[PDB]
Amino acid sequence: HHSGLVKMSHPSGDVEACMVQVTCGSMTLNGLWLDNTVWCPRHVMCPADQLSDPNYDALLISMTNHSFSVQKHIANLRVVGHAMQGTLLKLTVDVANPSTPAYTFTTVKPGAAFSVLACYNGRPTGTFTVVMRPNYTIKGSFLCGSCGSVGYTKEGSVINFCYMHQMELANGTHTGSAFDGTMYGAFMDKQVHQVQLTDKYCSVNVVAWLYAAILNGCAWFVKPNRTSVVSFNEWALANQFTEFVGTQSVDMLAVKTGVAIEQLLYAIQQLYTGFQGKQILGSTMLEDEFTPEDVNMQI
Amino acid sequence: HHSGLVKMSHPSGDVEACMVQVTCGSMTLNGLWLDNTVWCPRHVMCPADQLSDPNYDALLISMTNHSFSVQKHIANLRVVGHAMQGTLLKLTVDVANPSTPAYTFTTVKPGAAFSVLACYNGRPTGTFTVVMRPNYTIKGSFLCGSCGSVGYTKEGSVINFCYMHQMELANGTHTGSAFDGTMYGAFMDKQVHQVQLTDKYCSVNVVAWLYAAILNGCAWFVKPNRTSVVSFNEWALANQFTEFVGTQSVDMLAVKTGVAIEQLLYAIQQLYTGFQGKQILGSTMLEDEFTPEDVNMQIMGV
Ligand SMILES: *[C@H](O)[C@H](C[C@@H]1CCNC1=O)NC(=O)[C@H](CC1CCCCC1)NC(=O)OC1CCC(F)(F)CC1
Ligand SMILES: *[C@H](O)[C@H](C[C@@H]1CCNC1=O)NC(=O)[C@H](CC1CCCCC1)NC(=O)OC1CCC(F)(F)CC1
């Protein structure tokens, strides 16, 4: 029995209408056009010469409004302002985006999922869902020209913008900025080798996934035994798991199933070292990319 | 090394602007509004007590234009005509959808992937990608209210509409209609237990996935040895694989890597038994849900 638990993205329509192309001299990439503001990565200012260690203060001083050009493919936009905020540019333009959705800015924490609209030359090309990993990188699919693609969640018709794509690490994973301008995971926007920390299992997501299993008729791993939040978090330090942190969302799953979070924490301690011949939701390894909210929504 | 080979859907905005709610008595579901036409599953006509063997032909005659209420959410639309085409209703409305995309109506074949815009009460809520399986079912996530949700691809500026959701089977998979009004597979729009055929591995997609592995620096499974297409296809009949049919998209993966299809058809015959402790792209079994087009786009960008 297919659980129907699949990797699901938000409808991208509201964001597609905000995507523009931004050019600065020879560099071009994607930006996000909200009201009279265009957001893009500041490295649009770098020539190919100096990608190893750009001087962003000197680059910005050297610029005028006329240094930037914004075009819409998904309108006639003139840049009337330019400023830096962390690793992002905040360009001001003269026309307001008529299709600006209600929005907010949020900084996601490890374990949370968000949707990415991948864009090339301001044209949306694909959408996928990613989980912010405990080492503050994401997987997903990003090729040359995708910088400035944005990640977002939704609450109603309210879009919470949370990610603007910046770079790929040598291991093929990715990182970007929040719209407060800080890079996820302290990475520097310099083309200089930087090492991701080790990845961990997102405990709270693993729990949701086993709840999903129980809801689909797979509960052989539920015993009466319990492990406390506090004991489990001590066990997790030593075994490559994140701190467990309960939510209203996870509690709903306990009520639906009759199974308590503590029972699954114990279950995870045992399953960590193997399934011993058994399957769960078609896997032989614990899965940590489905959040509690995914399981509530989809089952 | 992370491949960058992920489940990726088309941007759904072109399709969001076409989704409406269609109501007929008790039943409510989603519809697809293109120009002056609204398409929806015909069982919206069906009263809840008569779902096991509905007489659609008599249900339709009994309706008037006022029996159908159509609401946009993402105005009210006046129904000025109604007709049945196979398992779908074709409603005519007095306003042409001002945001109709260029579109076609092509039925997809097994192994082909498409994007789904899952909707409830005419409100788009999620998008995901599915593969039409050899037994004409799809996986995905569909709950009460999802009927009339649509699946599509986009080629150039043209959206191809290929799926309108109708039902969930006992094993949790799903099926529906093509926009010519046929149901995929044998299925009928009757709420009755129905025999779905045995599933199979999608050979061409397994080859694309092996090519993605080669491109990502993982080719331990490649040997000089080859199996021809005709020989592989005869073997496939006895081992739960589809016939392999090459395409230009696969040929490009072969040109780019230097590895011939026939070397990968040979490899599949050896990897079917198991990988014997190794992995391919973080997998210990063969993956058949990524197409050659996916691999060309996501790894090479074509
Ligand atoms: C922008 O579109 C592009 C996106 C990349 C291309 C491949 N996959 C992606 O996600 N970003 C870059 O190409 C990025 C540009 C530079 C510009 C100067 C400031 C810093 C970013 N370079 C990049 O991602 O290269 C990696 C190399 C390995 C590293 F660890 F050093 C980080 C930078
Ligand atoms: C329409 O929105 C709905 C979508 C279903 C509900 C649960 N998941 C889905 O994908 N479709 C139906 O409910 C469908 C309607 C009938 C009405 C007469 C014409 C033919 C289809 N019935 C259906 O899917 O029955 C299933 C329910 C799930 C099951 F496992 F119990 C087997 C029968």
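Residues numbered from 1 in each chain as written, not as in the entry; some residues may be left out. Chains lettered and ligands numbered in written order. Heavy atoms only, no water. Residues with missing side-chain atoms left out of burial classes, pairs and counts.

X-ray crystallography is the method the PDB entry lists for this structure, together with a resolution of 2.2600 Å.

A. Molecular detail of the environment of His165 of chain B. Residues and elements named next belong to chain B. Among the secondary structure elements, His165 is positioned in strand β12 (residues 158–168). Through-space distance from the C-alpha of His165 to that of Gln85 is 15 Å; in sequence the pair is 80 residues apart. Aside from chain neighbours lying at most four places away, what touches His165 is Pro41, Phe142, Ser146, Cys147, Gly148, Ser149, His174, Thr175 and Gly176. Side-chain polar atoms of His165 contact the side chain of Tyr163, separated by 2.9 Å. (Helix = DSSP H or I, 4+ residues; strand = E, 2+ residues; numbered from the N terminus. Contact = heavy atoms within 4.5 Å. Polar contact = N/O pair within 3.5 Å; in protein donor to acceptor, adjacent residues only side chain to side chain.)

B. Spotlight on the pairing of strand β10 (residues 123–131) of chain B. All names here are of chain B. Of the strand pairs in this sheet, strand β9 (residues 113–120) and β10 are connected by 8 bridges, and their pairing is antiparallel. Paired with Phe114 across the strands is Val130, a residue of β10. Hairpin connection of β9 to β10: 2 residues between the antiparallel strands, including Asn121 at a positive phi of 55°. (Pairing = 2+ DSSP bridges.)

C. Structural view of the packing of aromatic side chains. Across all of its chains, the model carries 35 aromatic pairs over all chains by this definition. Their ring planes at 90° and their centres at 5.5 Å tell us that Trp39 of chain B and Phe105 of chain B sit as a pair that is edge-to-face. Given the relative accessible area of 5%, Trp39 of chain B is considered buried. With a centroid separation of 5.0 Å and an interplanar angle of 55°, the aromatic rings of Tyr103 of chain B and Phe105 of chain B are classed as tilted. By way of ring pairs, the aromatic residues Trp39, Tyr103, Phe105, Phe161 and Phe179 of chain A are connected into one cluster. (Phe/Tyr/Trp six-rings, centres within 6.5 Å; stacked < 30°, edge-to-face > 60°. Buried < 20%, exposed > 50% of the residue type's maximum accessible area, 1.4 Å probe, protein only.)

D. The site of ligand 1, seen in detail. Residues and elements named next belong to chain A. As a matter of local geometry, ligand 1 sits amid 20 residues, with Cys147, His165, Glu168, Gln191 and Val192 nearest to it. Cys147 places a main-chain nitrogen or oxygen 2.9 Å from an oxygen atom of ligand 1. One of the side-chain nitrogen or oxygen atoms of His165 is found 2.7 Å away from an oxygen atom of ligand 1. Considering ligand 1 on its own, with 710 Å² of exposed area, one finds that the protein chains cover 84% of that surface. Residue contributions to the shell around ligand 1 peak at 4 residues, all from strand β12 (residues 158–168). (Near = heavy atom within 4 Å. Areas by Shrake-Rupley, 256 points an atom, 1.4 Å probe, with all protein chains shown as cover.)

E. Layout of the interface of chain A and chain B. Opposite the 29 residues of chain A that make contact, chain B presents 28 residues. Elements represented by at least two residues in the side of chain A that touches chain B include exactly α1 (13–16), β10 (123–131) and α7 (292–298) of chain A. Tallying contributions element by element places β10 of chain A first for the side of chain A that touches chain B, with 5 residues. The residue makeup of the side of chain A that touches chain B, split by class, is 9 nonpolar, 16 polar and 4 charged. (Nonpolar A, V, L, I, M, F, W, Y, C, P; charged D, E, K, R; others polar.)

F. Region of the structure containing the site of ligand 2. All names here are of chain B. Taken together, 19 residues form the shell around ligand 2, and within it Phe142, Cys147, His165, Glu168 and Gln191 come nearest. A distance of 3.4 Å is found between an oxygen atom of ligand 2 and a backbone nitrogen or oxygen belonging to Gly145. One nitrogen or oxygen atom from the side chain of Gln191 is found 3.0 Å from a nitrogen atom belonging to ligand 2. Expressed as a share of its isolated accessible area of 690 Å², the protein-covered part of ligand 2 is 75%. Its residues placed into classes, the shell around ligand 2 shows 9 nonpolar, 7 polar and 3 charged.

G. Seen up close, the packing of helix α3 (residues 203–215) of chain B against helix α6 (residues 261–271) of chain B. Residue and element names in this part refer to chain B. α6 packs onto α3 with a crossing angle of 100° between their chain directions and a minimal axis gap of 10 Å. In terms of axis orientation, α3 runs roughly perpendicular to α6. Across the interface between the two elements, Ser203, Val206, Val207, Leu210, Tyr211 and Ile214 of α3 pack against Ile261, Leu264, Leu265, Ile268 and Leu271 of α6. A class-by-class count of the residues in the contact of α3 with α6 yields 10 nonpolar, 1 polar and no charged. (Axes fitted to C-alpha atoms, helices over the stretch in contact; angles between N-to-C directions. Parallel < 35°, antiparallel > 145°, perpendicular 65-115°, else oblique.)

H. Local environment of the domain arrangement of chain A. Splitting chain A by domain gives domain 1 (13–93) and domain 2 (203–298). Inter-centroid distance (C-alpha atoms) of domain 1 of chain A to domain 2 of chain A is 44 Å. (Domains from an automatic or database assignment.)

I. Molecular detail of the packing of helix α5 (residues 248–257) of chain B against helix α7 (residues 292–300) of chain B. All names here are of chain B. Contact pair α5 / α7: the axes reach a minimum separation of 8 Å and the direction vectors enclose 45°. With respect to α7, the axis of α5 lies oblique. α7 is crossed by α5, and the crossing has left-handed handedness. When α5 is examined against α7, the residues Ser249, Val250, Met252, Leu253 and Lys256 are found in contact with a partner set consisting of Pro292, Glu293, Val295, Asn296 and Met300. For the contact of α5 with α7, the residue count by class is 6 nonpolar, 2 polar and 2 charged. (Left-handed = near helix turned anticlockwise from the far one by under 90°.)

J. Up close: unusual backbone geometry. Phi is positive for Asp35 of chain A, close to 50°, though the residue is something other than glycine. Within the secondary structure layout, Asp35 of chain A lies in the loop between β2 (27–34) and β3 (37–41). The partly exposed category is assigned to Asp35 of chain A, whose relative accessible area is 34%. With a phi angle near 55°, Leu281 of chain B is a residue other than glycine that sits in the positive phi range. Examined against the element boundaries, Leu281 of chain B turns out to sit in the loop between α6 and α7.

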